């Protein structure tokens, strides 16, 4: 039951994504998080999807995904060197001494405050999964007003590219 980061190229067209999400849904496959946006080439979008399972489940999801005509290339990004980043926006209640505390946490995690009132901050964070998770462990939950978190975006290390 471990994390695989699936990376795929697909037809930037209507239904493309609803069909990819439908394939998971039909069979109750987990989607932890999902990023998709156009590439260099506007006919093709790049999707980064994170799923949680034993290998034999992932290999079957991977088998089924390749079968879709709108899925063009596909790699388990996790099976080779890669880099990943996520972006997160955390809106936090920040009054009295918690104003200093929230500012210290932002600086420690190298985030930036991008919205501010007398009683709140919106903090922008970028990093690996664990950095962003470490931020959330470190903040008191009762302070969090809401969170918007982009889901992982990754690339293979070095010369390896998905389109080739």
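Residue numbers count along the first chain shown, from 1.
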query	finding
135 to 143 or 55 to 63, whichever carries the higher mean Cα B-factor	55 to 63
Largest Cα B-factor, entry values, listed residues 108, 116, 123, 44	44
Cα B factor band for residue 28 (lowest, middle or highest third within the chain)	highest
Chain-wide C-alpha B factor ranking for residue 87, given as lowest, middle or highest third	middle
Within-chain third of residue 21 by Cα B-factor, per the entry	middle
Third of the chain, ranked by Cα B-factor, where residue 77 sits	highest
